[PDB]
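> For reference, the file work-v7.cif (mmCIF, C-alpha atoms and all ligand atoms) is included below:
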data_data
#
loop_
_atom_site.label_atom_id
_atom_site.label_comp_id
_atom_site.auth_asym_id
_atom_site.auth_seq_id
_atom_site.Cartn_x
_atom_site.Cartn_y
_atom_site.Cartn_z
CA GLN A 7 -14.56 10.44 1.20
CA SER A 8 -10.73 10.18 1.14
CA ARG A 9 -9.26 7.67 3.61
CA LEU A 10 -5.66 7.40 4.78
CA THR A 11 -3.70 4.37 3.50
CA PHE A 12 -1.30 2.25 5.58
CA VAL A 13 0.54 -0.43 3.61
CA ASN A 14 1.80 -3.00 6.16
CA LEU A 15 4.85 -5.00 5.14
CA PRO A 16 6.59 -7.69 7.20
CA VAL A 17 10.34 -7.21 7.69
CA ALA A 18 13.05 -9.32 9.33
CA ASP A 19 14.89 -6.34 10.89
CA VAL A 20 12.93 -3.13 11.53
CA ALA A 21 16.07 -1.10 12.20
CA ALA A 22 17.71 -2.25 8.93
CA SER A 23 14.52 -1.48 6.97
CA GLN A 24 14.11 1.92 8.57
CA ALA A 25 17.73 2.74 7.63
CA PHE A 26 17.18 1.55 4.01
CA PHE A 27 14.11 3.72 3.52
CA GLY A 28 15.73 6.65 5.33
CA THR A 29 18.56 6.42 2.77
CA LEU A 30 15.88 6.73 0.07
CA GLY A 31 14.79 10.02 1.69
CA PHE A 32 11.67 8.88 3.57
CA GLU A 33 10.78 10.43 6.96
CA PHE A 34 9.34 8.34 9.80
CA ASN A 35 6.62 9.26 12.27
CA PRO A 36 8.19 8.79 15.71
CA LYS A 37 4.77 8.39 17.38
CA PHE A 38 4.10 5.25 15.31
CA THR A 39 7.67 3.97 15.32
CA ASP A 40 9.21 1.57 17.86
CA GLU A 41 11.35 -1.60 17.90
CA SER A 42 8.66 -3.67 16.24
CA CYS A 43 7.23 -1.19 13.68
CA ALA A 44 8.52 1.79 11.71
CA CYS A 45 6.02 4.22 10.19
CA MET A 46 7.39 5.41 6.84
CA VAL A 47 5.77 8.62 5.62
CA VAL A 48 5.07 8.75 1.87
CA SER A 49 2.66 11.69 1.95
CA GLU A 50 0.08 13.19 4.35
CA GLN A 51 -2.31 10.49 3.17
CA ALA A 52 -0.17 7.35 2.84
CA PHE A 53 2.24 5.47 5.06
CA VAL A 54 4.16 2.24 4.83
CA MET A 55 4.36 0.32 8.10
CA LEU A 56 7.51 -1.80 8.37
CA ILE A 57 6.48 -4.45 10.86
CA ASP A 58 8.68 -7.05 12.51
CA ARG A 59 7.67 -10.52 11.23
CA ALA A 60 6.75 -11.79 14.74
CA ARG A 61 4.34 -8.88 15.24
CA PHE A 62 3.00 -9.11 11.65
CA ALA A 63 2.12 -12.78 12.25
CA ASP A 64 -0.52 -11.61 14.81
CA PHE A 65 -2.47 -9.87 12.00
CA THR A 66 -3.02 -12.83 9.73
CA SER A 67 -4.10 -16.44 10.00
CA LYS A 68 -1.92 -17.35 7.00
CA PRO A 69 1.86 -17.95 7.05
CA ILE A 70 3.93 -14.95 6.05
CA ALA A 71 4.92 -15.03 2.39
CA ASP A 72 8.53 -15.19 1.28
CA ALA A 73 8.69 -12.15 -1.05
CA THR A 74 11.91 -13.47 -2.58
CA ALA A 75 9.95 -16.52 -3.76
CA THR A 76 6.51 -15.15 -4.65
CA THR A 77 4.97 -11.70 -5.34
CA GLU A 78 1.57 -10.74 -3.90
CA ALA A 79 1.85 -6.97 -4.07
CA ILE A 80 3.98 -4.22 -5.57
CA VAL A 81 4.31 -0.73 -4.02
CA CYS A 82 4.88 2.07 -6.55
CA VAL A 83 5.77 5.61 -5.57
CA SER A 84 5.71 8.57 -7.92
CA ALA A 85 8.76 10.58 -8.90
CA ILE A 86 9.09 14.24 -9.74
CA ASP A 87 11.22 13.72 -12.88
CA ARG A 88 13.42 11.18 -14.70
CA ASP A 89 16.44 12.07 -12.55
CA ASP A 90 14.38 11.34 -9.39
CA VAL A 91 13.50 7.87 -10.80
CA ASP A 92 17.17 7.09 -11.43
CA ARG A 93 18.41 8.55 -8.14
CA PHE A 94 15.80 6.67 -6.10
CA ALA A 95 16.38 3.32 -7.88
CA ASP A 96 20.20 3.64 -7.94
CA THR A 97 20.14 4.53 -4.24
CA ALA A 98 17.95 1.52 -3.45
CA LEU A 99 20.30 -0.82 -5.30
CA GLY A 100 23.34 0.68 -3.55
CA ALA A 101 21.63 0.29 -0.15
CA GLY A 102 21.18 -3.49 -0.54
CA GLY A 103 18.16 -3.67 -2.86
CA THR A 104 18.23 -6.03 -5.84
CA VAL A 105 17.16 -5.95 -9.51
CA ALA A 106 13.52 -6.66 -10.28
CA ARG A 107 12.57 -5.83 -13.87
CA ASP A 108 14.08 -3.80 -16.70
CA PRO A 109 13.33 -0.10 -16.74
CA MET A 110 10.07 0.91 -18.45
CA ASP A 111 10.79 3.86 -20.74
CA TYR A 112 8.25 5.55 -23.03
CA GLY A 113 10.12 8.87 -22.99
CA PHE A 114 7.19 10.68 -21.36
CA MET A 115 6.79 7.90 -18.76
CA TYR A 116 9.76 6.32 -17.01
CA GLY A 117 9.75 3.72 -14.24
CA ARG A 118 12.25 1.49 -12.48
CA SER A 119 11.93 -1.34 -9.98
CA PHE A 120 13.80 -3.20 -7.23
CA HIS A 121 13.27 -5.71 -4.45
CA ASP A 122 13.89 -4.27 -1.00
CA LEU A 123 15.90 -5.97 1.81
CA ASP A 124 12.97 -8.32 2.51
CA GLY A 125 12.21 -9.02 -1.14
CA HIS A 126 9.16 -6.71 -1.37
CA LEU A 127 8.87 -5.38 -4.90
CA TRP A 128 8.92 -1.59 -5.35
CA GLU A 129 8.48 0.60 -8.39
CA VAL A 130 9.34 4.28 -8.76
CA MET A 131 7.80 6.04 -11.74
CA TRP A 132 7.52 9.45 -13.39
CA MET A 133 4.85 10.53 -15.87
CA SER A 134 4.90 13.84 -17.77
CA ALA A 135 2.62 16.49 -16.24
CA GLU A 136 1.27 17.07 -19.78
CA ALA A 137 0.11 13.47 -19.51
CA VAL A 138 -0.76 13.30 -15.75
CA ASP A 144 -8.00 11.94 -15.15
CA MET A 145 -9.94 12.15 -11.86
CA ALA A 146 -12.16 9.96 -9.66
CA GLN A 147 -15.54 8.85 -11.09
CA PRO A 148 -18.28 6.58 -9.66
CA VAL A 149 -18.17 2.91 -10.61
CA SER B 1 8.70 25.97 7.38
CA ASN B 2 6.24 23.59 5.74
CA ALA B 3 9.32 22.49 3.70
CA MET B 4 10.54 20.74 6.87
CA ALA B 5 8.44 17.85 5.54
CA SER B 6 10.19 16.13 2.62
CA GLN B 7 8.59 16.16 -0.85
CA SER B 8 5.56 13.85 -0.85
CA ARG B 9 5.08 11.06 -3.42
CA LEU B 10 1.88 9.40 -4.66
CA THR B 11 1.42 5.76 -3.55
CA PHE B 12 0.04 2.99 -5.75
CA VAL B 13 -0.45 -0.54 -4.44
CA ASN B 14 -0.59 -3.04 -7.33
CA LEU B 15 -2.59 -6.19 -6.56
CA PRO B 16 -3.27 -9.21 -8.82
CA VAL B 17 -6.98 -10.08 -9.28
CA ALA B 18 -8.66 -13.00 -11.07
CA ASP B 19 -11.47 -10.84 -12.47
CA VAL B 20 -11.00 -7.07 -12.78
CA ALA B 21 -14.76 -6.38 -13.26
CA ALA B 22 -15.72 -8.34 -10.11
CA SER B 23 -12.96 -6.62 -8.10
CA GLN B 24 -13.95 -3.13 -9.34
CA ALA B 25 -17.56 -3.79 -8.37
CA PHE B 26 -16.53 -5.11 -4.93
CA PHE B 27 -14.56 -1.97 -4.11
CA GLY B 28 -17.19 0.30 -5.69
CA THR B 29 -19.69 -1.14 -3.14
CA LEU B 30 -17.24 -0.08 -0.41
CA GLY B 31 -17.52 3.50 -1.65
CA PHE B 32 -14.35 3.76 -3.75
CA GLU B 33 -14.34 5.67 -7.04
CA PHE B 34 -12.08 4.80 -9.94
CA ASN B 35 -9.98 6.88 -12.30
CA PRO B 36 -11.16 6.19 -15.88
CA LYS B 37 -7.91 7.31 -17.50
CA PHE B 38 -6.11 4.42 -15.78
CA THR B 39 -8.91 1.89 -15.86
CA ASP B 40 -9.62 -0.69 -18.54
CA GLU B 41 -10.39 -4.43 -18.84
CA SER B 42 -6.93 -5.38 -17.58
CA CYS B 43 -6.50 -2.94 -14.67
CA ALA B 44 -8.82 -0.86 -12.48
CA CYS B 45 -7.42 2.23 -10.78
CA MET B 46 -9.11 2.53 -7.36
CA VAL B 47 -8.86 5.98 -5.76
CA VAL B 48 -8.33 5.84 -1.97
CA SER B 49 -7.42 9.54 -1.75
CA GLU B 50 -5.79 12.31 -3.78
CA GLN B 51 -2.42 10.65 -3.07
CA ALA B 52 -3.10 6.90 -2.80
CA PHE B 53 -4.46 4.35 -5.30
CA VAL B 54 -4.87 0.63 -5.59
CA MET B 55 -4.34 -0.88 -9.05
CA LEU B 56 -6.46 -4.03 -9.43
CA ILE B 57 -4.55 -5.79 -12.21
CA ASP B 58 -5.65 -8.90 -14.08
CA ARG B 59 -3.53 -11.76 -12.71
CA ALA B 60 -2.17 -12.74 -16.17
CA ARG B 61 -1.04 -9.17 -16.77
CA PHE B 62 0.40 -8.83 -13.27
CA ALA B 63 2.94 -11.52 -14.19
CA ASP B 64 4.61 -8.87 -16.45
CA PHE B 65 5.63 -6.87 -13.38
CA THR B 66 7.57 -9.52 -11.49
CA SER B 67 10.05 -12.32 -12.18
CA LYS B 68 8.56 -14.37 -9.29
CA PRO B 69 5.46 -16.61 -9.39
CA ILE B 70 2.35 -14.77 -8.24
CA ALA B 71 1.36 -15.50 -4.64
CA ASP B 72 -1.82 -17.28 -3.63
CA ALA B 73 -3.12 -14.76 -1.04
CA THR B 74 -5.55 -17.39 0.30
CA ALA B 75 -2.47 -19.45 1.36
CA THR B 76 0.09 -16.79 2.40
CA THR B 77 0.16 -13.10 3.36
CA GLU B 78 2.82 -10.68 2.06
CA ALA B 79 1.09 -7.38 2.79
CA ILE B 80 -1.96 -5.84 4.45
CA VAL B 81 -3.67 -2.74 3.07
CA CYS B 82 -5.29 -0.73 5.92
CA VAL B 83 -7.54 2.26 5.21
CA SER B 84 -8.72 4.80 7.81
CA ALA B 85 -12.30 5.31 8.91
CA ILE B 86 -13.96 8.51 10.24
CA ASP B 87 -15.60 6.84 13.24
CA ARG B 88 -16.38 3.44 14.75
CA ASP B 89 -19.65 3.12 12.78
CA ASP B 90 -17.68 3.61 9.51
CA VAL B 91 -15.40 0.67 10.53
CA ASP B 92 -18.47 -1.52 11.04
CA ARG B 93 -20.31 -0.38 7.90
CA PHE B 94 -17.20 -0.90 5.73
CA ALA B 95 -16.31 -4.32 7.18
CA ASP B 96 -19.94 -5.55 7.28
CA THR B 97 -20.37 -4.53 3.61
CA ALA B 98 -17.14 -6.29 2.60
CA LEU B 99 -18.19 -9.48 4.42
CA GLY B 100 -21.66 -9.40 2.87
CA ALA B 101 -20.17 -8.99 -0.63
CA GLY B 102 -17.88 -12.01 -0.70
CA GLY B 103 -15.14 -10.92 1.68
CA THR B 104 -14.08 -13.43 4.35
CA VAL B 105 -13.12 -12.98 8.01
CA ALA B 106 -9.38 -12.42 8.61
CA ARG B 107 -9.04 -11.77 12.38
CA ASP B 108 -11.41 -10.84 15.22
CA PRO B 109 -12.26 -7.10 15.48
CA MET B 110 -9.60 -5.28 17.44
CA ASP B 111 -10.99 -2.74 19.89
CA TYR B 112 -8.31 -0.81 21.81
CA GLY B 113 -10.78 1.98 22.67
CA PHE B 114 -8.59 4.72 21.17
CA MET B 115 -8.43 2.56 18.03
CA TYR B 116 -10.94 0.19 16.45
CA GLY B 117 -10.27 -1.99 13.42
CA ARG B 118 -11.75 -4.87 11.46
CA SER B 119 -10.16 -6.99 8.77
CA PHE B 120 -11.17 -9.23 5.88
CA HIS B 121 -9.73 -11.03 2.87
CA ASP B 122 -11.03 -9.68 -0.40
CA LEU B 123 -12.31 -11.75 -3.39
CA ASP B 124 -8.71 -12.62 -4.26
CA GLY B 125 -7.61 -13.27 -0.69
CA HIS B 126 -5.73 -9.99 -0.20
CA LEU B 127 -5.92 -8.93 3.41
CA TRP B 128 -7.53 -5.54 4.17
CA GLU B 129 -8.08 -3.62 7.40
CA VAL B 130 -10.38 -0.65 8.05
CA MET B 131 -9.42 1.25 11.17
CA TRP B 132 -10.52 4.32 13.16
CA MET B 133 -8.22 6.06 15.61
CA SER B 134 -9.07 8.98 17.93
CA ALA B 135 -7.49 12.40 17.33
CA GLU B 136 -5.62 11.90 20.58
CA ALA B 137 -4.11 8.58 19.37
CA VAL B 138 -3.23 10.12 15.97
CA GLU B 139 -1.22 12.89 17.67
CA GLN B 140 0.19 10.96 20.62
CA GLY B 141 0.66 7.50 19.09
CA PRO B 142 -0.78 4.25 20.49
CA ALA B 143 2.19 3.78 22.87
CA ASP B 144 1.16 6.77 25.02
CA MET B 145 -2.50 5.70 25.07
K K A 201 12.18 -10.90 12.70
NA NA A 202 -0.58 -15.68 12.27
#
Take the structure in this file and express it as structure tokens.

Amino acid sequence: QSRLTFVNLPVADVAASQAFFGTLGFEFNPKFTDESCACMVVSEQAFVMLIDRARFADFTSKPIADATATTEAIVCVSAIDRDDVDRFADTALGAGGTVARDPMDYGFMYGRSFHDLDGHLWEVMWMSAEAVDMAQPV
Amino acid sequence: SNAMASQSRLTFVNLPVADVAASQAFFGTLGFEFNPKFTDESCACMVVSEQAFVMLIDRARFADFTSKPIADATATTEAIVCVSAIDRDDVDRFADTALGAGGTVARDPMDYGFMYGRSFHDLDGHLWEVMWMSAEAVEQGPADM
């Protein structure tokens, strides 16, 4: 059956991260948002939890990675069209994000990337509906 | 208006794996299906729900997506992927299965009563949680419980 997804990312400053993602147009769930965690809503079925580093450290026995030095994970969100890809990525860069990789452009697929305020690597990507193919058993 | 909610996006979490076939089989045992259109020898598209996916990408290929060296998830943690569970028994079945299939313990089980979760590191050291929360906690938030 479908499960909900919560992607937990450590951040130095919850308030700054919440403002960054708000600028990108994400809503937050107030019931799961406080000084140490902000619950970014991506859809009904997926959320990104922006967790203060000191709280995040309770969840792992390993030191917290420096995402400006190494990459363990990349979060990609879909976009509705090419203009959404550019608006989202340009907004991220203007809000303090930094360049990651060159745009990927196949004409009918278009993606951009950036590192967020804490170095976590994001992609935003559109694929043509004529191109975008279901779940099958392994 | 249902348009009070902003336009949703699909979510994909890209993770580097040493062996795509071994990773696909591991998550298949946990009950996940895969989308064939986006699955091949270099990348397996795990379907968590209609709107969330995990791309298990061969580690050599994953290097194309970042200018940084790839992390050793057995040494450091950058992210945790948590998936929901329908009830407490689902938490236990999922975590027990993961542990019996080559997963390793990450943290003790966390039982808050209104919320119950277990965690493990997968075959590549990425840290996962499976977690059930009561309807009351989902509406009210943990703070009020
Ligand atoms: K901090
Ligand atoms: Na720790």
> Please indicate the distance in Å from CA of residue 65 in chain B to CA of residue 29 in chain A, rounded to one decimal place.
24.6 Å
> Do you have, as a tab-separated table, the list of residues of chain A lying at most 9 Å from chain B, each with its nearest atom pair and that distance in Å to one decimal, counting only C-alpha atoms and ordered by chain then number?

residue	atom	partner	partner_atom	distance
A:7	CA	B:49	CA	7.8
A:8	CA	B:49	CA	4.4
A:9	CA	B:84	CA	5.1
A:10	CA	B:84	CA	5.0
A:11	CA	B:83	CA	4.7
A:12	CA	B:82	CA	5.0
A:13	CA	B:81	CA	4.8
A:14	CA	B:80	CA	5.0
A:15	CA	B:79	CA	5.0
A:16	CA	B:78	CA	7.0
A:31	CA	B:6	CA	7.7
A:32	CA	B:6	CA	7.5
A:33	CA	B:6	CA	7.2
A:36	CA	B:141	CA	8.4
A:37	CA	B:141	CA	4.5
A:38	CA	B:141	CA	5.6
A:39	CA	B:141	CA	8.7
A:40	CA	B:143	CA	8.9
A:47	CA	B:8	CA	8.3
A:48	CA	B:9	CA	5.8
A:49	CA	B:8	CA	4.6
A:50	CA	B:8	CA	7.6
A:51	CA	B:51	CA	6.2
A:52	CA	B:52	CA	6.4
A:53	CA	B:11	CA	8.7
A:64	CA	B:107	CA	8.9
A:65	CA	B:107	CA	6.8
A:66	CA	B:106	CA	6.5
A:67	CA	B:106	CA	6.8
A:68	CA	B:76	CA	5.1
A:69	CA	B:76	CA	5.1
A:70	CA	B:77	CA	5.0
A:71	CA	B:78	CA	4.8
A:72	CA	B:78	CA	7.3
A:73	CA	B:78	CA	6.8
A:74	CA	B:68	CA	7.6
A:75	CA	B:68	CA	6.1
A:76	CA	B:69	CA	5.1
A:77	CA	B:70	CA	5.0
A:78	CA	B:71	CA	4.8
A:79	CA	B:15	CA	5.1
A:80	CA	B:14	CA	5.0
A:81	CA	B:13	CA	4.8
A:82	CA	B:12	CA	5.0
A:83	CA	B:11	CA	4.8
A:84	CA	B:10	CA	5.1
A:85	CA	B:9	CA	6.6
A:86	CA	B:9	CA	8.1
A:106	CA	B:66	CA	6.7
A:107	CA	B:66	CA	6.7
A:126	CA	B:78	CA	8.2
A:127	CA	B:66	CA	7.9
A:144	CA	B:37	CA	5.2
A:145	CA	B:35	CA	5.3
A:146	CA	B:35	CA	4.6
A:147	CA	B:33	CA	5.3
A:148	CA	B:33	CA	4.8
A:149	CA	B:28	CA	5.7
> Just the residues within 10 Å of residue 103 in chain A, please, counting all atoms listed in the file, with nothing from its chain fewer than 6 positions along; format it as a list in words.
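The filter keeps residues 26, 95, 96, 97, 119, 120, 121, 122, 123, 124, 125, 126, 127 and 128 of chain A.
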> Residue 58 in chain A: which residues within 8 Å, counting all atoms listed in the file, same-chain residues fewer than 6 positions away excluded, as a compact mmCIF listing (two decimals) with C-alpha atoms, in the frame of the given file?

# COMPACT_ATOMS: atom_id res chain seq x y z
CA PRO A 16 6.59 -7.69 7.20
CA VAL A 17 10.34 -7.21 7.69
CA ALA A 18 13.05 -9.32 9.33
CA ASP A 19 14.89 -6.34 10.89
CA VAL A 20 12.93 -3.13 11.53
CA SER A 42 8.66 -3.67 16.24
CA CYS A 43 7.23 -1.19 13.68
> Which protein, DNA or RNA residues are at most 9 Å from (-11.8, -11.5, -8.3) in the file's coordinates when you count only C-alpha atoms, listed as JSON, numbers by chain?
{"B": [16, 17, 18, 19, 20, 21, 22, 23, 24, 26, 58, 122, 123, 124, 125]}
> Would you compute the distance between CA of residue 109 in chain A and CA of residue 61 in chain B? Give it in Å to one decimal.
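Between these atoms lies a distance of 17.0 Å.
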> Report, in Å to a single decimal, how far apart CA of residue 133 in chain A and CA of residue 28 in chain A are.
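Between these atoms lies a distance of 24.1 Å.
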> Which one of A:59, A:30, A:23, A:105 sits closest to ligand K 201 (chain A) if you count only C-alpha atoms and all ligand atoms?
A:59
> May I have the protein, DNA and RNA residues with any atom at most 6 Å from the point (-7.9, 0.8, 16.2), counting all atoms listed in the file, written as JSON, numbers by chain?
{"B": [111, 112, 115, 116, 117, 131, 132, 133]}
> Counting all atoms listed in the file, which residue out of A:108, A:87, A:41, A:129 sits closest to ligand K 201 (chain A)?
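With all atoms listed in the file as the atom set, the closest residue is A:41.
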> Range 10-18 of chain B, all listed atoms, 5 Å padding on each side: what axis-aligned box centre and edge lengths in Å to one decimal come out, as lines of an AutoDock Vina configuration file?

center_x = -3.4
center_y = -1.8
center_z = -7.3
size_x = 20.5
size_y = 32.4
size_z = 17.5
> Could you pull range 22-78 of chain B out of the structure just shown and give C-alpha atoms as a PDB file, in the first residue's frame?

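Now in decode_24.pdb:
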ATOM      1  CA  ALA B  22      20.668  -5.878  -4.497  1.00  0.00           C
ATOM      2  CA  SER B  23      19.016  -2.599  -3.458  1.00  0.00           C
ATOM      3  CA  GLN B  24      15.928  -3.223  -5.636  1.00  0.00           C
ATOM      4  CA  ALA B  25      15.541  -6.686  -4.127  1.00  0.00           C
ATOM      5  CA  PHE B  26      15.957  -5.323  -0.573  1.00  0.00           C
ATOM      6  CA  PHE B  27      13.172  -2.782  -1.018  1.00  0.00           C
ATOM      7  CA  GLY B  28      11.000  -5.256  -2.950  1.00  0.00           C
ATOM      8  CA  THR B  29      11.094  -7.494   0.173  1.00  0.00           C
ATOM      9  CA  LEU B  30       9.774  -4.503   2.147  1.00  0.00           C
ATOM     10  CA  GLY B  31       6.748  -4.425  -0.146  1.00  0.00           C
ATOM     11  CA  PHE B  32       7.746  -1.637  -2.539  1.00  0.00           C
ATOM     12  CA  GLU B  33       6.939  -1.866  -6.247  1.00  0.00           C
ATOM     13  CA  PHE B  34       9.063  -0.274  -8.946  1.00  0.00           C
ATOM     14  CA  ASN B  35       8.228   1.710 -12.051  1.00  0.00           C
ATOM     15  CA  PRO B  36       9.700  -0.136 -15.076  1.00  0.00           C
ATOM     16  CA  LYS B  37       9.775   2.941 -17.311  1.00  0.00           C
ATOM     17  CA  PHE B  38      12.318   4.525 -14.956  1.00  0.00           C
ATOM     18  CA  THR B  39      14.154   1.397 -13.920  1.00  0.00           C
ATOM     19  CA  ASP B  40      17.222  -0.133 -15.533  1.00  0.00           C
ATOM     20  CA  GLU B  41      20.650  -1.505 -14.540  1.00  0.00           C
ATOM     21  CA  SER B  42      21.851   1.924 -13.415  1.00  0.00           C
ATOM     22  CA  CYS B  43      18.795   3.195 -11.506  1.00  0.00           C
ATOM     23  CA  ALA B  44      15.745   1.614  -9.868  1.00  0.00           C
ATOM     24  CA  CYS B  45      12.629   3.732  -9.411  1.00  0.00           C
ATOM     25  CA  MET B  46      11.007   2.687  -6.099  1.00  0.00           C
ATOM     26  CA  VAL B  47       7.358   3.727  -5.732  1.00  0.00           C
ATOM     27  CA  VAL B  48       6.469   4.835  -2.176  1.00  0.00           C
ATOM     28  CA  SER B  49       3.122   6.337  -3.255  1.00  0.00           C
ATOM     29  CA  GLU B  50       1.459   8.020  -6.229  1.00  0.00           C
ATOM     30  CA  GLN B  51       3.468  11.158  -5.388  1.00  0.00           C
ATOM     31  CA  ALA B  52       6.756   9.961  -3.853  1.00  0.00           C
ATOM     32  CA  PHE B  53       9.607   7.843  -5.245  1.00  0.00           C
ATOM     33  CA  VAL B  54      13.090   6.816  -4.279  1.00  0.00           C
ATOM     34  CA  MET B  55      15.633   6.536  -7.108  1.00  0.00           C
ATOM     35  CA  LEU B  56      18.268   3.923  -6.233  1.00  0.00           C
ATOM     36  CA  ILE B  57      21.113   5.062  -8.490  1.00  0.00           C
ATOM     37  CA  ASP B  58      24.355   3.200  -9.130  1.00  0.00           C
ATOM     38  CA  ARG B  59      27.040   5.047  -7.157  1.00  0.00           C
ATOM     39  CA  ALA B  60      29.255   5.654 -10.242  1.00  0.00           C
ATOM     40  CA  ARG B  61      26.317   7.210 -12.077  1.00  0.00           C
ATOM     41  CA  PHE B  62      25.243   9.236  -9.038  1.00  0.00           C
ATOM     42  CA  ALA B  63      28.534  11.146  -9.312  1.00  0.00           C
ATOM     43  CA  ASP B  64      27.056  12.812 -12.469  1.00  0.00           C
ATOM     44  CA  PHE B  65      24.486  14.620 -10.334  1.00  0.00           C
ATOM     45  CA  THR B  66      26.784  16.410  -7.913  1.00  0.00           C
ATOM     46  CA  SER B  67      30.092  18.280  -7.925  1.00  0.00           C
ATOM     47  CA  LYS B  68      30.852  16.983  -4.388  1.00  0.00           C
ATOM     48  CA  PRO B  69      32.369  13.606  -3.437  1.00  0.00           C
ATOM     49  CA  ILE B  70      29.693  11.042  -2.614  1.00  0.00           C
ATOM     50  CA  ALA B  71      29.118  10.561   1.121  1.00  0.00           C
ATOM     51  CA  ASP B  72      29.850   7.345   2.983  1.00  0.00           C
ATOM     52  CA  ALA B  73      26.477   6.887   4.752  1.00  0.00           C
ATOM     53  CA  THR B  74      28.056   4.337   7.107  1.00  0.00           C
ATOM     54  CA  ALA B  75      30.275   7.192   8.436  1.00  0.00           C
ATOM     55  CA  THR B  76      27.985  10.273   8.294  1.00  0.00           C
ATOM     56  CA  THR B  77      24.265  11.059   8.003  1.00  0.00           C
ATOM     57  CA  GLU B  78      22.914  13.812   5.725  1.00  0.00           C
TER      58      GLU B  78
END
